[PDB]
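Novice: So that we are looking at the same thing, I have put the structure below in structure tokens.
What follows draws every value from the coordinates through simple rules; no lab data is involved. No Cβ is skipped: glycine too gets one built from the backbone with ideal geometry, and neighbour counts run over all protein chains shown.
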Amino acid sequence: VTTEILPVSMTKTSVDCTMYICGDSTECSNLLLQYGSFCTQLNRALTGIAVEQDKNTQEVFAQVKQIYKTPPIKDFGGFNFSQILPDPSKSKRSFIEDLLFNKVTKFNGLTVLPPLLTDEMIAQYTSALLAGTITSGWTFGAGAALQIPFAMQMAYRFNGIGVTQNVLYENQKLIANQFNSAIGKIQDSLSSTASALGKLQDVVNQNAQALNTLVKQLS
Amino acid sequence: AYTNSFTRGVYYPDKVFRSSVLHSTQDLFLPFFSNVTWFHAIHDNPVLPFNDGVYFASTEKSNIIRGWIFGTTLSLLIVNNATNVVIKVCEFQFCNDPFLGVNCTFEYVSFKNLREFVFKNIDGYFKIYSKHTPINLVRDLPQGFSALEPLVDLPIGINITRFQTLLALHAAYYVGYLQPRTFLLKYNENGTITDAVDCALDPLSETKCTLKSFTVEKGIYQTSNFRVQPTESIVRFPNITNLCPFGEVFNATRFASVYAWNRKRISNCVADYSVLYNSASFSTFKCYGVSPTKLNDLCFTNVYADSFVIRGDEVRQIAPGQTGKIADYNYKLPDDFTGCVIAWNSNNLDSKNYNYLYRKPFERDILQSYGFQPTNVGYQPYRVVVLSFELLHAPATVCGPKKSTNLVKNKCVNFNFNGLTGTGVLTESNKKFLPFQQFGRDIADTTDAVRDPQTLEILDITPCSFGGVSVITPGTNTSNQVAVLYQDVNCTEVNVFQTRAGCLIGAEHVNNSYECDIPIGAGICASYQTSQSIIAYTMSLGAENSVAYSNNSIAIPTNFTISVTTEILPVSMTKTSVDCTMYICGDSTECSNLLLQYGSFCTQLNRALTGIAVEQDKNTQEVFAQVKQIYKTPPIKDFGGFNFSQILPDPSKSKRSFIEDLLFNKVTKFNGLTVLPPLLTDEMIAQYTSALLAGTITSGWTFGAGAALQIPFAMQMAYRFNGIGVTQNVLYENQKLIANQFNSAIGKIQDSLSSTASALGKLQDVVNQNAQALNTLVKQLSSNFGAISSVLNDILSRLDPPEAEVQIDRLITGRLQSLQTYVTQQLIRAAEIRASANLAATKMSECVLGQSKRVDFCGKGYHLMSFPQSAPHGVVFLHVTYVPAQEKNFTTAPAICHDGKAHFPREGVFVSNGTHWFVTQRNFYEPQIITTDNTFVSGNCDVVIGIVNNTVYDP
Amino acid sequence: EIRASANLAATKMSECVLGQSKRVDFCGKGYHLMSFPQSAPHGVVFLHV
Ligand SMILES: *[C@@H]1O[C@H](CO)[C@@H](O[C@@H]2O[C@H](CO)[C@@H](O)[C@H](O)[C@H]2NC(C)=O)[C@H](O)[C@H]1NC(C)=O
Ligand SMILES: *[C@@H]1O[C@H](CO)[C@@H](O[C@@H]2O[C@H](CO)[C@@H](O)[C@H](O)[C@H]2NC(C)=O)[C@H](O)[C@H]1NC(C)=O
Ligand SMILES: *[C@@H]1O[C@H](CO)[C@@H](O[C@@H]2O[C@H](CO)[C@@H](O)[C@H](O)[C@H]2NC(C)=O)[C@H](O)[C@H]1NC(C)=O
Ligand SMILES: *[C@@H]1O[C@H](CO)[C@@H](O[C@@H]2O[C@H](CO)[C@@H](O)[C@H](O)[C@H]2NC(C)=O)[C@H](O)[C@H]1NC(C)=O
Ligand SMILES: *[C@@H]1O[C@H](CO)[C@@H](O[C@@H]2O[C@H](CO)[C@@H](O)[C@H](O)[C@H]2NC(C)=O)[C@H](O)[C@H]1NC(C)=O
Ligand SMILES: *[C@@H]1O[C@H](CO)[C@@H](O[C@@H]2O[C@H](CO)[C@@H](O)[C@H](O)[C@H]2NC(C)=O)[C@H](O)[C@H]1NC(C)=O
Ligand SMILES: *[C@@H]1O[C@H](CO)[C@@H](O)[C@H](O)[C@H]1NC(C)=O
Ligand SMILES: *[C@@H]1O[C@H](CO)[C@@H](O)[C@H](O)[C@H]1NC(C)=O
Ligand SMILES: *[C@@H]1O[C@H](CO)[C@@H](O)[C@H](O)[C@H]1NC(C)=O
Ligand SMILES: *[C@@H]1O[C@H](CO)[C@@H](O)[C@H](O)[C@H]1NC(C)=O
Ligand SMILES: *[C@@H]1O[C@H](CO)[C@@H](O)[C@H](O)[C@H]1NC(C)=O
Ligand SMILES: *[C@@H]1O[C@H](CO)[C@@H](O)[C@H](O)[C@H]1NC(C)=O
Ligand SMILES: *[C@@H]1O[C@H](CO)[C@@H](O)[C@H](O)[C@H]1NC(C)=O
Ligand SMILES: *[C@@H]1O[C@H](CO)[C@@H](O)[C@H](O)[C@H]1NC(C)=O
Ligand SMILES: *[C@@H]1O[C@H](CO)[C@@H](O)[C@H](O)[C@H]1NC(C)=O
Ligand SMILES: *[C@@H]1O[C@H](CO)[C@@H](O)[C@H](O)[C@H]1NC(C)=O
Ligand SMILES: *[C@@H]1O[C@H](CO)[C@@H](O)[C@H](O)[C@H]1NC(C)=O
């Protein structure tokens, strides 16, 4: 099991160009208006950026029409998904998701808008996708989510790579064990290596630097 | 009595003709739906306030209302007696109740009817607007809209605070007040104002003004910014009762020599600088630091007075940036000097006199004498005092006689701490300043906290609550009801719902979730529903369901439908081209010569736009010109029951298909801005889509890989079915059904595209962004950017070159900057369009020329085939997919035992109907007898988990 | 850049999680069987099997 980390969205910042340039100043504002649309088109550009962040989030996560859940009996032929499925005792995020969230992190007209989809709503989308992937294979993608035994789903997955499905069944215990161990390795890496999520932290850092630069320029 | 003014009180703001335009202006207008006082002439001539201007209206039958008196004590007299209108500004004696029967600075002589007037007094001019119109109404003012025209403008210089009306005695009237509100004025085709929006009436009007439109589309818009206002001010200075000894500096018996100047320190005192500034005894009073009239508001940590005698011609040397016998050798100021240089003639004080001598900043380096004599101006003695101000934000000790106030905390206040001002809430602080620190600073170098000027305690300054204001609305075609979100604030200073996004007012909080309509944020969306009103709710992420999962149960489709979905992608943007010289310096030699001083700044923009225009043809060719030859369909449209008449070109028309015409019917100067044509016209694109359609229909994917080779359509579909894991016998056995579902799916495409304008929103948005970009660039031409006029010819016709060039440079910077902003936005937008074109081109090859194995790449289902259609600025793909329609629950197993051997399907799965086991294909239930020709053997029954007992037939 | 990344992530969600990929190195460095999405701050994390 390998981990690929991709940015989906950036901070939905919004900057009040008048408050930034002419903060509570009548004399400055009257002069700022002499520049016409130079100020307001920036408010518009930033609004456009903020809006497409929800579009980006929906395009990536909201690919399933229905919200699916796993059964009360986690029988997947020996395959242990307890670290990728939502934790009932918590916001219903998985154990691994909590590890991911624990690694990645004014009065000048600079404010930040919330996302339309909150961490809980995203967790529900990933839950639906995980439940779909685990119990119905790819059928929930093409159309209705149709149940299939996990061992048979894997048989399809093996034929899909040019490996006869008898290999899966004859070695099913081995395959399930390697899978379960691979997840344990994912846990050990993510919980100890901060750089593991550097691709998302870099986005946060660039946005923080951009905002800090804009404010510093006021001085 | 009072009435509703409705939409009355609008007038033409200037003397310029406009038509077919929405114009935004700020002036003194009657607020819409304002409260106006209703007067009568029955069985009433009070003195009324004038305030900032007066709206007057009357309804008449017998012309009783004839005039007005304007002034203070009650003087401007306006009377219309018979046909002679008389206007006077004379010391006329008025009665306590003036009426008509049925020293001068200015003089001029010239219900059934509604007469409207606007009276405003600006910069000494009394401006009168009016309108007359016939009416048929006694009860009250008629409801409706009309704009008033300027009639009279009186150059009087009169102070008007009150006014009185004049009635003829042997006619109701209304009085309102004007306010400096912004209105959006709608000018029709003939240049008549027919409507208006009061931008400060309500949140819907704010939205209409923000978008410069009288129609608002469904959605959420940011129109303004909420700010908590201060209630009172706070003025804080140290409680010092001693006054500063400026008199001891300026009224001194003797002054020092310039080589050995005196330095007197002023501290811990009240500094009254009005004496020094207002005094007429000074020959010069030049400030380099602060204006001389601000000296009693701001204050210093210290003040030093440098006192000495110089010649009159040496006065010019005491300044930052100067050099000379005094400036370099006797008395040097910093070039960043903050302070005031004050001097006066002392010819009758010092002259006789050789006791005055002359020879780094503020250096006192301890040699020639002056010969000061009473008969010498340039060689007469002058007494000069330089007041050096240390105005760094340190503890103040030298402050003017500004009246102090008490300290108010935990409220929004307008504060002044030793000359430092701002607006914010003062709160308790746990910060500790060092003994020499009076102010703290944040990252923006704004005040973070202060030490109170009188009390040794620290106050934190938290600027008053603010945030963006968004208006949530259904389209104005359905409802004018709105809800307002105050972003990132509590429901405090602002049917109220507190959300993480801010305080939402006017939307009902509903427990039931719905699919998101108008998004607010943080999981909250709003809609107009039930009678209807705006509601807010937590959005649904979709219906809840559950897969009937078990170790031995599989659901297999028993029926399917063929569906067609539409995907719309931009391919190109308008090939705009802007002449940067004509835009900035339109037909102007003087401006062009100045523009050339910027080198390549102008021409590289012409180049950037050219590059954008060129790649639009590249994008179009990459998407549509994927076939080397132009193919056509046969005269006999026999495709096995599949009807393509709506996607193929119409011979009676430009040879576009019926659907293409539907797509084209939905999606839509002299300033150096022109538009270039595309290389490929709508007809040429139609020929490319025709070739691709003909190829796709009659030769499948062979025209893509190489030569276009004919194949019967039914067989082509057989290939398409095998490509999705469905045995081709399904196609042939159900060919009539499949063709019918396909034909119906197209009919549904027709019904949607012809009735839903939003169906092609993805291409219309491109058109709208480009239109907005071009409109913004042109609108910027009207801006002054600090110039005396936004019109270049008006600068040139008014100023000589030494001054005109400066005003022009201001316009060049603004207009050149505008083009740079425009081009940058066009380049970034072009990158988005290019990326879309690249996606569209990929899809043309993988969806139309071939068959895709990529999920959700070519429609939401199992992809069979696609058919391209052209549209304005883009391509529309009709994706034909196979989607399971009906399914049944079967019992399953990974393998079957025969003689102890483990048998697995070569393809498909094993299923059980409750009594018998069958083998069948994954995507379509079609049970077959399990035989040695359907299964293979590997391993045995002691190895496979979940293996079941059955029999395998051996032919 | 973020939009392009989101477009890639969305493509991967459909081809790696909803389906099965035949594209080399698109859904992990090996022969792709299946994938499981996990959320993260400002993005998506894919566990590729
Ligand atoms: C799936 O994996 C989890 C570990 O991630 C297993 O949980 C552990 O089970 C052992 C045995 O009962 C306990 O001693 C550990 O303390 C458990 N760990 C945690 C974190 O709970 C779980 O039992 C596995 N499930 C199956 C069916 O094998
Ligand atoms: C194929 O490789 C796997 C390991 O990836 C082998 O399984 C391991 O076998 C050793 C004994 O040699 C055990 O100690 C390990 O615990 C087993 N690992 C797991 C995950 O079960 C497997 O035996 C190898 N098969 C062949 C035919 O060589
Ligand atoms: C293909 O579909 C078109 C409709 O899009 C059919 O045209 C209609 O045919 C009926 C029967 O003759 C006429 O009553 C309608 O007025 C026609 N409509 C139009 C818009 O022309 C066409 O006949 C179908 N072709 C085949 C072979 O089935
Ligand atoms: C599979 O579904 C199709 C519809 O998608 C069924 O065809 C319809 O059958 C009804 C009668 O039950 C007719 O009234 C419709 O006009 C038919 N539609 C079309 C497009 O022909 C089909 O019978 C179903 N097959 C099975 C085996 O259930
Ligand atoms: C499972 O399928 C088998 C085969 O179609 C069914 O058995 C047949 O049932 C029909 C009556 O509907 C008889 O006329 C045939 O002679 C039977 N064939 C055999 C080989 O027995 C069986 O009934 C189906 N079982 C269920 C539960 O539907
Ligand atoms: C499939 O059928 C075989 C018989 O052909 C079953 O084998 C029996 O297994 C039980 C339990 O171990 C033994 O007590 C019997 O003696 C075995 N029979 C014979 C003839 O040796 C086998 O268990 C069956 N499997 C399933 C899944 O039903
Ligand atoms: C005007 O204000 C008075 C006093 O509050 C009120 O009685 C009257 O109804 C108001 N009239 C209108 C038209 O708002
Ligand atoms: C109108 O009034 C003026 C005085 O203001 C007077 O001179 C004039 O004759 C009057 N006109 C008529 C028609 O009575
Ligand atoms: C006219 O104005 C002058 C102003 O100096 C004043 O002295 C004079 O008395 C005024 N006359 C009348 C009749 O008001
Ligand atoms: C403009 O005036 C003409 C009469 O000359 C009239 O017919 C037309 O309707 C007017 N247009 C508008 C928009 O009122
Ligand atoms: C200070 O004295 C030195 C000689 O020791 C001299 O060179 C220097 O110019 C003097 N500085 C000033 C400001 O006069
Ligand atoms: C202000 O007045 C108080 C007495 O009420 C005094 O203790 C305090 O020192 C004064 N502050 C200053 C800065 O002089
Ligand atoms: C919008 O309003 C106009 C005028 O009443 C009406 O003709 C049109 O059908 C309306 N459109 C919709 C979508 O309601
Ligand atoms: C608003 O203020 C109240 C205290 O009056 C507080 O309990 C509540 O949590 C605050 N809400 C928000 C969104 O700040
Ligand atoms: C939702 O229902 C609960 C009772 O279960 C009630 O207390 C709450 O006020 C309701 N909220 C809304 C917005 O209807
Ligand atoms: C299979 O059985 C479950 C449980 O009764 C039911 O919810 C599900 O809809 C059934 N599926 C089909 C395809 O009949
Ligand atoms: C399938 O699940 C049922 C119910 O838990 C169990 O009794 C049965 O033994 C399982 N079959 C296999 C092959 O594990």
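Novice: Taking interchain pairs and intrachain pairs at least six residues apart, which have beta carbon atoms under 7 angstrom, with the first residue in segment B:408-427 and over 12 Å from B:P463 (Cβ atoms) and the second hydroxyl-bearing (S, T, Y) and part of a loop (DSSP other than H, G, I, E, B)?
Specialist: Close Cβ pairs satisfying both conditions: B:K411/B:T231.
Novice: A further question on this structure: Looking only at segment C:23-42, which residues are part of a strand (DSSP E or B) and touching a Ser or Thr at 6+ places or on another chain (Cβ under 7 Å)? Write out each step before concluding.
Specialist: Just the residues of segment C:23-42 that are part of a strand (DSSP E or B), to begin with: C:35-40.
Listed by number, the residues that qualify are C:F36, C:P37, C:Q38, C:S39.
Novice: Only residues that are more than 21 Å from B:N551 (Cα to Cα), touching a strand residue (DSSP E or B) at 6+ places or on another chain (Cβ under 8 Å) and surrounded by fewer than 20 Cβ atoms within 10 Å (Cβ to Cβ): list them for segment B:915-933, please.
Specialist: Hits for segment B:915-933 are B:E926, B:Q928, B:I929, B:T931, B:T932.
Novice: Do we have any residue at all in segment B:937-948 that's away from chain A (no Cβ under 14 Å), away from ligand 11 (no atom under 16 Å from the Cβ) and surrounded by fewer than 21 Cβ atoms within 10 Å (Cβ to Cβ)? Full working, then the answer.
Specialist: Within segment B:937-948, the first condition is being away from chain A (no Cβ under 14 Å), and the residues that meet it are none.
For segment B:937-948, residues away from chain A (no Cβ under 14 Å), away from ligand 11 (no atom under 16 Å from the Cβ) and surrounded by fewer than 21 Cβ atoms within 10 Å (Cβ to Cβ): absent.
Novice: Let me ask you something else. Just for segment B:422-443: of the residues that are exposed (fewer than 15 other Cβ atoms within 10 Å of the Cβ) and within 14 Å of another protein chain (Cβ to nearest Cβ), which one is farthest from B:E390 (Cα to Cα)? Show your work before the answer.
Specialist: First, pick out the residues of segment B:422-443 that are exposed (fewer than 15 other Cβ atoms within 10 Å of the Cβ): B:427-428, B:430-432, B:434-436, B:441, B:443.
With within 14 Å of another protein chain (Cβ to nearest Cβ) added as a condition, the list becomes B:427, B:441, B:443.
On the way: B:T427: 29, B:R441: 19, B:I443: 24 Å.
Among those residues, the one meeting the criterion is B:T427.
Novice: Follow-up. Considering only segment B:486-512, state which residues are within 14 Å of another protein chain (Cβ to nearest Cβ) and surrounded by fewer than 16 Cβ atoms within 10 Å (Cβ to Cβ). I'd like the intermediate steps shown before the answer.
Specialist: Step one: list which residues in segment B:486-512 are within 14 Å of another protein chain (Cβ to nearest Cβ), which gives B:486-489, B:498-504.
Result: B:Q498, B:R500.
Novice: Just to check your reading of the model, which residue among B:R810, B:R854 is touching a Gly at 6+ places or on another chain (Cβ under 8 Å) and either part of a helix (DSSP H, G or I) or within 16 Å of ligand 11 (Cβ to nearest atom) (or both)? Walk me through how you get there before you give the answer.
Specialist: Working: B:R854 fails: either part of a helix (DSSP H, G or I) or within 16 Å of ligand 11 (Cβ to nearest atom) (or both).
Step by step, each of B:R810, B:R854 is checked, and only B:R810 is touching a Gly at 6+ places or on another chain (Cβ under 8 Å) and either part of a helix (DSSP H, G or I) or within 16 Å of ligand 11 (Cβ to nearest atom) (or both).
Novice: When the residues of segment B:542-571 are narrowed to those that are touching a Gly at 6+ places or on another chain (Cβ under 7 Å) and among the hydroxyl-bearing types (S, T, Y), which ends up nearest to B:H879 (Cα to Cα)?
Specialist: In this case the residue turns out to be B:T565.
Novice: Right, here's the next one. Mind listing whichever residues of segment A:25-53 are charged (D, E, K, R) and either away from chain B (no Cβ under 11 Å) or crowded, with 19+ Cβ neighbours inside 10 Å (or both)? Talk me through it step by step, then tell me what you get.
Specialist: So in segment A:25-53, the residues charged (D, E, K, R) come out as A:27, A:44, A:52.
Listed by number, the list holds a single entry, A:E27.
Novice: Further, regarding this structure: Starting from segment B:203-225, keep only residues that are within 12 Å of another protein chain (Cβ to nearest Cβ), then list their pairs with residues that are of a type in the set (K, R) and outside any helix (DSSP H, G or I) whose Cβ atoms are within a distance under 9 Å, requiring at least 6 positions of separation or different chains.
Specialist: Between residues of segment B:203-225 that are within 12 Å of another protein chain (Cβ to nearest Cβ) and residues that are of a type in the set (K, R) and outside any helix (DSSP H, G or I), there is no close pair.
Novice: Testing A:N102 on (1) at the interface with another protein chain (Cβ under 8 Å from one of its Cβ atoms); (2) surrounded by fewer than 16 Cβ atoms within 10 Å (Cβ to Cβ), one condition comes back false. Which one is that?
Specialist: Every condition holds for A:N102 apart from (1).
Novice: While we're here: If I filter segment A:75-88 for residues that are outside any loop (DSSP other than H, G, I, E, B) and more than 8 Å from every other protein chain (Cβ to nearest Cβ), do I get at least one hit?
Specialist: Residues of segment A:75-88 that are outside any loop (DSSP other than H, G, I, E, B), as a first pass: A:86.
Among the residues that remain, those that are also more than 8 Å from every other protein chain (Cβ to nearest Cβ) are: A:86.
Looking through segment A:75-88, at least one residue is outside any loop (DSSP other than H, G, I, E, B) and more than 8 Å from every other protein chain (Cβ to nearest Cβ).
Novice: Could you go through segment B:118-133 and let me know if any residue there is more than 42 Å from the chain's Cα centre (by Cα) and either more than 14 Å from chain A (Cβ to nearest Cβ) or away from ligand 13 (no atom under 16 Å from the Cβ) (or both).
Specialist: Of all residues in segment B:118-133, those more than 42 Å from the chain's Cα centre (by Cα) come to none.
Looking through segment B:118-133, none of the residues is more than 42 Å from the chain's Cα centre (by Cα) and either more than 14 Å from chain A (Cβ to nearest Cβ) or away from ligand 13 (no atom under 16 Å from the Cβ) (or both).
Novice: In this structure, does C:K12 turn out to be closer than 22 Å to A:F101 by Cβ and either more than 7 Å from chain A (Cβ to nearest Cβ) or part of a loop (DSSP other than H, G, I, E, B) (or both)? Give the steps one after another, and end with the answer.
Specialist: On the way: closer than 22 Å to A:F101 by Cβ: yes; either more than 7 Å from chain A (Cβ to nearest Cβ) or part of a loop (DSSP other than H, G, I, E, B) (or both): yes.
Yes, satisfied.
Novice: Can you work out which of the residues in segment B:493-511 that are in a loop (DSSP other than H, G, I, E, B) and out of contact with any helix residue (DSSP H, G or I) (no Cβ under 9 Å at 6 or more places or on another chain) is nearest to ligand 13 (Cβ to nearest atom)?
Specialist: Per the criteria, the residue is B:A507.
Novice: When you go through B:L148, B:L137 one by one, which is the residue that is within 25 Å of B:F29 (Cβ to Cβ), more than 16 Å from ligand 16 (Cβ to nearest atom) and part of a loop (DSSP other than H, G, I, E, B)?
Specialist: Values: B:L148 fails: part of a loop (DSSP other than H, G, I, E, B).
Step by step, each of B:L148, B:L137 is checked, and only B:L137 is within 25 Å of B:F29 (Cβ to Cβ), more than 16 Å from ligand 16 (Cβ to nearest atom) and part of a loop (DSSP other than H, G, I, E, B).
Novice: Kindly indicate whether B:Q93 is farther than 28 Å from B:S24 by Cβ, more than 16 Å from ligand 13 (Cβ to nearest atom) and part of a strand (DSSP E or B). If you could, list the steps in order and put the result at the bottom.
Specialist: On the way: farther than 28 Å from B:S24 by Cβ: yes; more than 16 Å from ligand 13 (Cβ to nearest atom): yes; part of a strand (DSSP E or B): no.
It is false that B:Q93 is farther than 28 Å from B:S24 by Cβ, more than 16 Å from ligand 13 (Cβ to nearest atom) and part of a strand (DSSP E or B).
Novice: Same structure, new question: Is there any pair with a first residue in segment B:552-579 that is within 12 Å of another protein chain (Cβ to nearest Cβ) and among the small types (G, A, S) and a second that is within 16 Å of ligand 17 (Cβ to nearest atom) and part of a strand (DSSP E or B) whose Cβ atoms are under 8 Å apart and which are 6 or more apart or on different chains, and what are they?
Specialist: The qualifying pairs are B:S553/B:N889; B:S553/B:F890; B:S553/B:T891; B:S553/B:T892; B:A555/B:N889; B:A555/B:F890.
Novice: Okay, next question. Confirm whether B:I472 is over 21 Å from the mean Cα position of the chain (by Cα) and either part of a strand (DSSP E or B) or away from ligand 12 (no atom under 16 Å from the Cβ) (or both).
Specialist: On the way: over 21 Å from the mean Cα position of the chain (by Cα): no; either part of a strand (DSSP E or B) or away from ligand 12 (no atom under 16 Å from the Cβ) (or both): yes.
No; evaluated as a whole, the condition is false for this residue.
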